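Report on the following structure.
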There are 2 protein chains.
Amino acid sequence: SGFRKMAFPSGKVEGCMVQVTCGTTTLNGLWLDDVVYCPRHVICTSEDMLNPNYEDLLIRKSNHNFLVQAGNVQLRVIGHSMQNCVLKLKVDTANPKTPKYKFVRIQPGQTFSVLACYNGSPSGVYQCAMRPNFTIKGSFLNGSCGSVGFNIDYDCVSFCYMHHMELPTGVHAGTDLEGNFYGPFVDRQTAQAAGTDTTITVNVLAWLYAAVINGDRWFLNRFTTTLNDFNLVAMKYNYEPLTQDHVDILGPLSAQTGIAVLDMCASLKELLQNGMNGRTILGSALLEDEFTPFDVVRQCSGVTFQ
Amino acid sequence: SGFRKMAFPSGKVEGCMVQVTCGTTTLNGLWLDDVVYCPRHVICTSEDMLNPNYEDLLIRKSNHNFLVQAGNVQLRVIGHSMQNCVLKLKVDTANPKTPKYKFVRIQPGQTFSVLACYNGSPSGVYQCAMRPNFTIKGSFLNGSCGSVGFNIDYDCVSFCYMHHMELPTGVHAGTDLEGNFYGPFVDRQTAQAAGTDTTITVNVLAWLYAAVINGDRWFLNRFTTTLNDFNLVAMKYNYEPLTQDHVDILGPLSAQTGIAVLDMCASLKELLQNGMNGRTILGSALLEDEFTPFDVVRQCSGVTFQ
Ligand SMILES: *[C@H](O)[C@H](C[C@@H]1CCNC1=O)NC(=O)[C@H](CC1CC1)NC(=O)[C@@H](NC(=O)OCc1ccccc1)C(C)(C)C
Ligand SMILES: *[C@H](O)[C@H](C[C@@H]1CCNC1=O)NC(=O)[C@H](CC1CC1)NC(=O)[C@@H](NC(=O)OCc1ccccc1)C(C)(C)C
């Protein structure tokens, strides 16, 4: 029993983190086979970041400008190339700790683990979700750029996020590992807005099923509702629309608990229109939306990794 | 910016986890040098656990009764001994991934990372606190016994918890790594009660400082209070007493923000007597108490590990 915000074990990623220094910028790189991936703004100083031109800046660089530290060992850079907003530093040594991996781009609403790093050394691991507005509510300080987000399925690491920047609400923006930003953000210290966010409805329902599995049942009710009547209440409270696909995905959770999906929608409708009245659900006084249906099943069935 | 419930990177612990099978019990073991540590109830079947006598049970066992798997490799057990509620299985191979480590016992209110494991394979990592009543609000399913909790300081792993059992409120009990239970619990499937819990006051104040550091400031007020007047309100709301030591520990956070500790106590007093009125603090609608002063500084200054 119990329900926690749970990250993947980080060992396979820890062995890939390195420090990239060029000029007076230091950040983290991801070392897979004989390539180190890092944010391209490592070739920018503090006066560059205001309006930079990265193709000009990179032809001016040489391999020896890039100081890569793997632990205490120097990695010799023997080539470099930019891919969208990431740099690929070609090194002469393949990482012997390279796990099986894939570069995947995730959808808003999906979750992943972040291994926060400074100077190529991991600091902590935590879980979060890609928001509907393509930001993530992370925990990042100066020097954390190049930290990555990832999922693990059995033995394979699916890297989905590399950290680039903080926006003026304290939320974070970055790219997939092919260097393409999530959302309408650019790696320039220009005024950029997150955009209006919404609550991930299918995740809230998953979390309500997790609660029922763990014995929180007070919010359940006799009622029911149609998918269109629910979505009318959803759009009133700034919740994402629920699709038949979302209902299908919640099927197994509905089966385990014996609560039809639309019945759980009726409970969520009441929670939205009435609040919680000082009750809590899984130790929260808010409706939580950073757990996917898969996260819930995973945690409440005990899937492992290696 | 941002504030997350952050665990330590788990790599150093992942390399120590193994599977221990004896009879028809399978659980996790911790392999350090040439010893595997695991809960002593691995020598109990399902009918034993109701009222067992572990000294009798263990003289009946032989080394070859214990099947230890490290990955796919068999570890030969060459000796065994019980220490309080843990078994020490002596194996013929020293773990070449053994990190620098210590066995430490923590205090209620202190936090640690749990690496949840099944069949010797890590499933997830999350952070929690030792409650005042010596339980932890974990996330554990059948087969998770022997998973450990730990902190990391630079390169050294301080193991503080090994999981043994779930109590009839969904909370969890276990031992330090010398086999001594936290709290008045025994490794017998007898009726056991958690005992009345309280809120960790010094941690709530730390989290309020984290909020101020991150720009949540609405709960701040002109007021102030004495340490004894605060503790009068504390005991009314089932909060632990605050000591001068707690005030001292919060000193650095008080210095960074320029809010005196007793001034923050005055804010907490108002939050207790008035609630939050639909406001949130660091994305929570509840006063959070599983972040220590050290957790806050760590996260808001970016200390790393290796
Ligand atoms: C890399 O280690 C850091 C990590 C960053 C610092 C604090 N928290 C973080 O996550 N990233 C950077 O320094 C960024 C580099 C720029 C992309 C090339 N810069 C920023 O994150 C930057 N934010 C920013 O400029 O965008 C939003 C904005 C700018 C101007 C006006 C309005 C909004 C800050 C200001 C955080 C350093
Ligand atoms: C080991 O893998 C498991 C992990 C446990 C199962 C579900 N969640 C968990 O954390 N531990 C055990 O099976 C325990 C072994 C006993 C200590 C030797 N047993 C339990 O956790 C057990 N709880 C229990 O018996 O104590 C509370 C109690 C018992 C009877 C009446 C009232 C209260 C359960 C019932 C959870 C299996």
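Any value given below was found using the heavy atoms of this structure, including those in side chains, with hydrogens, waters and symmetry copies removed. Proteins come first, then strands; the chains are lettered A, B, ... in the order of their sequence lines, and each starts at number 1.
Of the two parts of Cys128(B), the backbone and the side chain both hold a non-hydrogen atom closer than 4.5 Å to a non-hydrogen atom of chain A.
Residues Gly302(A) and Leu141(B) come closest through the heavy atom pair N-CD1, 3.3 Å. The minimum heavy-atom distance linking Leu27(B) with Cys38(B) is given by the pair CD1-CB, 3.6 Å. Shown here for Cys160(A) and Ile106(A), the closest heavy-atom pair between the two residues is CB-CG2, 3.6 Å.
By the ring-ring contact (aromatic ring centres under 6.0 Å, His included) test, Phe305(A) pairs with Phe8(A), sequence neighbours left out.
Here salt bridge (charged side-chain N to carboxylate O under 4.0 Å, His left out) pairs that include residues 138-151 of chain B, with residues two or more places apart or in two chains, number zero. For residues 117-128 of chain A, no pair satisfies salt bridge (charged side-chain N to carboxylate O under 4.0 Å, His left out), with sequence neighbours left out.
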I'd like a table of all donor-acceptor pairs linking chain B to chain A (distance under 3.5 Å, no angle check), giving the atom names and the distance to one decimal.
from: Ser1(B); atom 1: N; to: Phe140(A); atom 2: O; distance (Å): 2.7
from: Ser1(B); atom 1: N; to: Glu166(A); atom 2: OE1; distance (Å): 2.8
from: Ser1(B); atom 1: O; to: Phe140(A); atom 2: N; distance (Å): 3.1
from: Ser1(B); atom 1: O; to: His172(A); atom 2: NE2; distance (Å): 3.4
from: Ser1(B); atom 1: OG; to: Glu166(A); atom 2: OE2; distance (Å): 2.9
from: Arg4(B); atom 1: NE; to: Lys137(A); atom 2: O; distance (Å): 2.8
from: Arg4(B); atom 1: NH1; to: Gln127(A); atom 2: O; distance (Å): 3.4
from: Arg4(B); atom 1: NH2; to: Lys137(A); atom 2: O; distance (Å): 2.9
from: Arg4(B); atom 1: NH2; to: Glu290(A); atom 2: OE1; distance (Å): 2.8
from: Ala7(B); atom 1: N; to: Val125(A); atom 2: O; distance (Å): 3.0
from: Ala7(B); atom 1: O; to: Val125(A); atom 2: N; distance (Å): 2.9
from: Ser10(B); atom 1: N; to: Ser10(A); atom 2: OG; distance (Å): 3.1
from: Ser10(B); atom 1: N; to: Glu14(A); atom 2: OE2; distance (Å): 3.1
from: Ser10(B); atom 1: OG; to: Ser10(A); atom 2: N; distance (Å): 3.1
from: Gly11(B); atom 1: N; to: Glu14(A); atom 2: OE2; distance (Å): 2.7
from: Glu14(B); atom 1: OE2; to: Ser10(A); atom 2: N; distance (Å): 3.1
from: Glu14(B); atom 1: OE2; to: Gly11(A); atom 2: N; distance (Å): 2.7
from: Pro122(B); atom 1: O; to: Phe305(A); atom 2: N; distance (Å): 3.2
from: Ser123(B); atom 1: O; to: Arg298(A); atom 2: NH2; distance (Å): 3.0
from: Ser123(B); atom 1: OG; to: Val303(A); atom 2: O; distance (Å): 2.6
from: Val125(B); atom 1: N; to: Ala7(A); atom 2: O; distance (Å): 2.9
from: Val125(B); atom 1: O; to: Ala7(A); atom 2: N; distance (Å): 3.0
from: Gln127(B); atom 1: O; to: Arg4(A); atom 2: NH1; distance (Å): 3.4
from: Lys137(B); atom 1: O; to: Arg4(A); atom 2: NE; distance (Å): 2.8
from: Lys137(B); atom 1: O; to: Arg4(A); atom 2: NH2; distance (Å): 2.9
from: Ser139(B); atom 1: OG; to: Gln299(A); atom 2: OE1; distance (Å): 2.6
from: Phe140(B); atom 1: N; to: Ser1(A); atom 2: O; distance (Å): 3.1
from: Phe140(B); atom 1: O; to: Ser1(A); atom 2: N; distance (Å): 2.7
from: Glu166(B); atom 1: OE1; to: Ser1(A); atom 2: N; distance (Å): 2.8
from: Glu166(B); atom 1: OE2; to: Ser1(A); atom 2: OG; distance (Å): 2.9
from: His172(B); atom 1: NE2; to: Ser1(A); atom 2: O; distance (Å): 3.4
from: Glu290(B); atom 1: OE1; to: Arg4(A); atom 2: NH2; distance (Å): 2.8
from: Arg298(B); atom 1: NH2; to: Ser123(A); atom 2: O; distance (Å): 3.0
from: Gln299(B); atom 1: OE1; to: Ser139(A); atom 2: OG; distance (Å): 2.6
from: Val303(B); atom 1: O; to: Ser123(A); atom 2: OG; distance (Å): 2.6
from: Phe305(B); atom 1: N; to: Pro122(A); atom 2: O; distance (Å): 3.2

